[PDB]
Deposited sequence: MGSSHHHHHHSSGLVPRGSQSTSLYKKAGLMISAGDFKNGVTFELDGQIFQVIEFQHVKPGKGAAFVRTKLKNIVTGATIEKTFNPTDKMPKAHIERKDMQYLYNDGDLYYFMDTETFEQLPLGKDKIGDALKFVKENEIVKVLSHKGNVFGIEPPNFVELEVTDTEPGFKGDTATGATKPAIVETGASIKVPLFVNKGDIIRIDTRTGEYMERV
């Protein structure tokens, strides 16, 4: 069971004999009257996109998803390549299924590839990663930095080039050094 008030981009649930994925949403708390969660959903089975509005307290059943560990290889433009670690078959996935999920994930890291009825719709990276800062203005309040994957991130002023930092892949945020 999951509430509309606890939605995150990418979560999946059962509705109208259907499995949907949250593409985007606004949780609105108006000054007068009731709160509501206004959503854009992807039908996982048919691939259709719909808009729906929920009461934040509405609960729905979490979908039954298969999560397979696969080796993330590399990204070349709009496609991301993964390898099955038992059959060694490779699988390309398009940007639409990836989003920003691999921004902070190094080449060759194990990620979970999510499927419903053999139908692959997205991925789940590790919750946390540790990456080296490869460029930032030296310092001793935040500043921008580049990390080893090439991605940018805000860090405290005392994190400098050469330092290893822990990052939350869900938010894209700095946690701490080391």
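- Absence of C-alpha coordinates is noted for several segments of the deposited sequence, namely 1-30, 171-177.
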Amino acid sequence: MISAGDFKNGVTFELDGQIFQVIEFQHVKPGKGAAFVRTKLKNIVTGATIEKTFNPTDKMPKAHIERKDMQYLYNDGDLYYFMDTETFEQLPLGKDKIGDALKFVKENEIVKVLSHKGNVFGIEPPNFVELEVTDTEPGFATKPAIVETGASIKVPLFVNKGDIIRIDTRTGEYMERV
From here on, numbers count along this sequence of modelled residues.
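- Note on 2-10 vs 167-175: mean CA B-factor is higher in 2-10.
- Set 52-60 against 31-39 and average the Cα temperature factors; 52-60 ends up higher.
- Sorting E107, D100, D96, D84 by the CA temperature factor given in the entry leaves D96 at the top.
- Between the residues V45, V133, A151, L114, the entry's highest C-alpha temperature factor is the one at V45.
- The PDB entry assigns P156 a C-alpha temperature factor belonging to the lowest third of its chain's modelled residues.
- Among the modelled residues of its chain, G118 has a C-alpha B-factor that falls in the highest third, as given in the PDB entry.
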